[PDB]
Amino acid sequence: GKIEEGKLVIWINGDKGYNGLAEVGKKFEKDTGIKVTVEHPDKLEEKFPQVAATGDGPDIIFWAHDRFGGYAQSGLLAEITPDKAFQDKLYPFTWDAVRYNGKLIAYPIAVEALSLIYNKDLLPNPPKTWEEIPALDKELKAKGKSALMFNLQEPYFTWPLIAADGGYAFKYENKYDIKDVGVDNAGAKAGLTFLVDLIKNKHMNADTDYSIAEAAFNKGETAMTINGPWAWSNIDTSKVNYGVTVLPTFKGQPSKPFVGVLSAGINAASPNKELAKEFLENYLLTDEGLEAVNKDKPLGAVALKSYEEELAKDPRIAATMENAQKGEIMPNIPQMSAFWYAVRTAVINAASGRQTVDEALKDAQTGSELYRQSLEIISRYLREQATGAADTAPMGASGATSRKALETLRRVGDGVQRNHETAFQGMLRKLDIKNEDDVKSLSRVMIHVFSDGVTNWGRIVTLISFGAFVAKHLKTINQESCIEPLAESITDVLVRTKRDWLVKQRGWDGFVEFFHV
């Protein structure tokens, strides 16, 4: 139901120092009498947006910064307004990671990058290249060991290799070009082909997950793993003689890990926002607060300058920041969730042999592009229907598909508006859409109606065609400013409800083919 006033509920991932965070919670309770409950639910990054949308969930959510732009866009996060004195205590680049549309939407905690972790008793010198790992595995298999095991179920761990020879998520030049996705280029293919060849040649197993890789490294059965600072605690307990070092190069180029800033957001529906701010600023983001978490599971390079100066002498942190420098700080754009879902499926299907590398990355490209391509088509159709004049701007990336989808939608959507004028006029009058607040109300009812019953291109045409019908109404009553929000809302409904179906149709190319006369 509603978040309980007078306590704090905190969500953090089960691989992080949640017992250390609970100790900070106990210090908070000692001062204030306010009880702090720390939970680590499974899939909390997927659960948070579901429960927070209903005004429920934790007061504070911890995740890497990449997921907070989506949460902020969805209205699920309170704006963070620390004073200059507090802001100056953290590195400016960490605040940049938690800025979305010019507003701070979380507190940055620590910088995370993957490193190569190696067993000095099996491999005194780690391999500098991915290319030498097959030969090393052959040497180690003769000793009853293997070279490398890491999580193949989460694309976070394979991304550094995919990115090495030129794979990218969203092109960054000067600003992100969200229309420019680098998932199915020659560089991405080269990296994922290398991983699949390691599996084909029995150097790795497609079924290896976080738990299997951690157990094999910590038992001394595999010489190397790929993991973040949080993993170091369990390796210390195992008494493995380990090193943390630069990831291997691929085709002479560095592995490029996607760099995360562990961040703490405040639930927009929390009645405990002042308690949450007090906890995060004056208990957690202190030398003693971060020490308590770091002693449980290491954070990496903490955002708090005073404590980072103390930790920076650690060679494992130096290695973390060397890999971070060769990588890229993740975007926080709302499309990151879709990007990760698309690439997760691609790596798992390529690794298992369900798809070829070409097939897998083609689907991942379509899934990653789906929101922005859908919005380009739907925004243009609604606006030209409302105003009577087309947009002269270039379509940009995958422009032929956008142009031909808009041409098709002009033919079939104009026909739907003509033939279903009665139902459209009746429903427009019942909805009584007057302003941007009324447009924002449509999402819930649209999802309900559209998600029920059969999936086909005709119902997608009806969804967008009624959008155009509403947009014409909005322009006429001098609410033209409502049209882009309406287009965004319809696009969100379409892509969230029909993601998997749309990718199976080759997205908008399927639409053009389906309605080809």
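Throughout, we count residues from 1 along the sequence that is shown. For clarity, a rigid core is taken as the largest C-alpha set superposing within 1.5 Å between two forms.
Trainee: Determine, for 432-440 and 274-282, which one has C-alphas that on average lie farther from this form in 9 other deposited structures of this protein; superpose on the rigid core first.
Mentor: Checking 432-440 against 274-282 in 9 other deposited structures of this protein, I find the farther stretch is 432-440.
Trainee: Taking C-alpha RMS after core alignment, which stretch differs more from the shown form in 9 other deposited structures of this protein: 305-313, or 441-449?
Mentor: Looking at 305-313 versus 441-449 in 9 other deposited structures of this protein, the farther one turns out to be 441-449.
Trainee: Check the entry and tell me how many residues of the deposited sequence have no coordinates between residue 174 and residue 175: none, 1 to 3, 4 to 9, or 10 or more.
Mentor: The entry leaves 1 to 3 residues without coordinates here.
Trainee: Comparing 9-17 with 501-509, which has the greater mean CA B-factor as deposited?
Mentor: Stretch with the greater average CA B-factor: 501-509.
Trainee: Test of understanding: from the entry's C-alpha B-factors, which stretch has the higher mean, 337-345 or 395-403?
Mentor: Averaged over C-alpha atoms, the B-factors run higher in 395-403.
Trainee: Go through 29, 39, 59, 488 one by one and give the residue whose Cα B-factor in the PDB entry is largest.
Mentor: Within the set 29, 39, 59, 488, 29 shows the top C-alpha B-factor.
Trainee: Going by the CA temperature factor in the entry, name the top one among 180, 112, 137, 384.
Mentor: Most elevated C-alpha B-factor of the set, per the entry: 180.
Trainee: Relative to the other modelled residues of the same chain, rank the CA B-factor of residue 154 and answer lowest, middle or highest third.
Mentor: Lowest third - that is where residue 154 ends up once the chain's C-alpha B-factors are sorted.
Trainee: What third of the chain does residue 460 rank in for C-alpha temperature factor, lowest, middle or highest?
Mentor: Lowest third - that is where residue 460 ends up once the chain's C-alpha B-factors are sorted.
Trainee: For residue 426, does the deposited CA B-factor place it in the lowest, middle or highest third of the chain?
Mentor: Highest third.
Trainee: Among the modelled residues of its chain, does the C-alpha B-factor of residue 291 lie in the lowest, middle or highest third?
Mentor: Answer is middle: the recorded C-alpha B-factor places it there.
Trainee: Tell me, lowest, middle or highest third: where does the Cα B factor of residue 415 rank within its chain?
Mentor: Middle third - that is where residue 415 ends up once the chain's C-alpha B-factors are sorted.
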